[PDB]
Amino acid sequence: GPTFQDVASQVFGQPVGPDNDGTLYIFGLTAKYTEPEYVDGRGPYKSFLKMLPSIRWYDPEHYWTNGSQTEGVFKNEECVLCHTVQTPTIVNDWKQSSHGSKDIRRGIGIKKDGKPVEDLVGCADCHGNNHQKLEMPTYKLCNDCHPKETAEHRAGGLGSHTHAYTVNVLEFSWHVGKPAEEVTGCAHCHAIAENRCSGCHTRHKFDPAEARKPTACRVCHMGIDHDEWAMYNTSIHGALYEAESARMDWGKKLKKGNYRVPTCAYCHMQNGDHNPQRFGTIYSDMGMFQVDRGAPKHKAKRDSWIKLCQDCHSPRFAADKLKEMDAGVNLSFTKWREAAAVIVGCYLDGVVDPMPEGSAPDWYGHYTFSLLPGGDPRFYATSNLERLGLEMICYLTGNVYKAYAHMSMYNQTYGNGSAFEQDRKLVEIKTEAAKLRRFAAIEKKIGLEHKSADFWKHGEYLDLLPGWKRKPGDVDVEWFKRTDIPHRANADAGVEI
């Protein structure tokens, strides 16, 4: 029988065809989805997880291969001469880096194999000399000469740069639950943070002054999921950053008295510490878990933050501000608990449309309510009620904490990820619940047997989801048995974590 594409083709006079053939498809109506070429993904879901081949740049230890057309074994100087023509800005960057320019070195005392590095560190020193065997490095390379910074970069827990990809890409429901090409940016953002040393001070200048700016963090630390850039930017600190950035001295080390305006790096990479997570009171799943950071048991961490603020403030003022955070966060969770009760209530009364058996299976292969134990909280391939619930906990409640932590008066109250956005979301959730209950009450009284629409279960995108093909024995539980990395509490992990 005719597909959507076939019918569209008959109406628009454009033939049906594969999406990838170069045809300009009118509103994409007659194009058929083709699976891109994949490589196998790593981690506990390696039986079905895929990546686009471009993962080569971001997990090079497992995917990098020679793909160059240029042959030869060259000296550093030859790399530079040719790349001056072939990739000019890479050479320009490198010539403006202390690797490539002795004049801007600070005599730090860099050593490799116990011996001082006094020469230029050239293209070949980082990439190899043989153009058919070029290397694409990770922090492993940098460790040869920068062990302190590397050790710190590798010292974080779950929720830090240290495990951003290895755990929080490869084990994460929203990543493993979707076609690889949909979530490439997830893999790369998280992998840049973990596997590279260029997230903050970019290649090839590797300039710490660049790394001190909020621009060194906000590409990743932004948005509806974790809006700390916006929270910072809409604080008075953030406004003063914008005011003073052009004329302030960014060449000063992150130290007490060196800056008027605090940046992300100033407060989180205190005194140049490359394990920024460690200053946090406790990992709270981005504020989705409730904790009072001002409670007696967290006094050491609270006192440490107060002292940090005291670089530029009264400690009494700082203490008050962090207490405002504690209070504002605790109030915010009353609205989440209201929402959760309304949402689970609907499930328990059987009035959610669709019910879980009416949707595509979740990424575990289960027909399980997303906001119950064992479910997969999500914004896609689920009911409107469940979507709104996820938005309430993740996008709003988590960001109230971020708004308070970063002194954004507006976003604590009115703005994105605020108290008032929680209010509005709560109204939306109650509205959905009310509609669902009124439909169910009417249908019961008149004896109409409602069946949820097939579009909740099947469709061109929904049919691509991995939940359909999950089967017993498809989890690499040995991965989850590893104790050298932490793990996510996934329902099908199959072992103790």
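Just count from 1 along the sequence shown to find any residue number. Rigid core here is just the name for the largest C-alpha set that superposes within 1.5 Å across the two forms.
Novice: Taking the root mean square of C-alpha distances over all structures and residues in 4 other deposited structures of this protein, with a rigid core superposition, name the larger of 101 to 109 and 217 to 225.
Specialist: The answer is 217 to 225, which departs more from the shown form in 4 other deposited structures of this protein.
Novice: After superposing on the rigid core, which of 328 to 336 and 226 to 234 has its C-alpha atoms sitting farther from this form in 4 other deposited structures of this protein?
Specialist: This comes out as 226 to 234, the stretch further from the shown form in 4 other deposited structures of this protein.
Novice: State which stretch shows the higher mean Cα B factor in the entry: 381 to 389 or 71 to 79.
Specialist: The deposited B-factors put 71 to 79 ahead on the C-alpha mean.
Novice: Looking at the entry, does 442 to 450 or 62 to 70 show the higher mean C-alpha B-factor?
Specialist: Mean B over CA atoms: larger for 442 to 450.
Novice: Between 105, 268, 163, 212, let me know which has the highest C-alpha B-factor in the entry?
Specialist: Each of 105, 268, 163, 212 was compared by C-alpha B-factor; the highest is 105.
Novice: Highest recorded C-alpha temperature factor, please, choosing from 331, 306, 286, 220.
Specialist: When the deposited C-alpha B-factors of 331, 306, 286, 220 are compared, 286 is largest.
Novice: When the deposited Cα B-factors of this chain's modelled residues are ordered and cut into thirds, is residue 198 in the lowest, the middle or the highest one?
Specialist: Lowest third of the chain for residue 198's C-alpha B-factor.
Novice: Sorting the chain's modelled residues by C-alpha B-factor, tell me whether residue 367 ends up in the lowest, middle or highest third.
Specialist: For residue 367, whose C-alpha B-factor we compare with every modelled residue in the chain, the answer is the highest third.
Novice: Should residue 347 be placed in the lowest, middle or highest third of its chain by the C-alpha B factor in the entry?
Specialist: CA B-factor rank for residue 347: highest third.
Novice: Rank-wise, by C-alpha B-factor, drop residue 412 into the lowest, middle or highest third of its chain.
Specialist: Answer is lowest: the recorded C-alpha B-factor places it there.
Novice: Please place residue 154 in the lowest, middle or highest third of its chain by C-alpha B factor as given in the entry.
Specialist: Bottom third by C-alpha B-factor.
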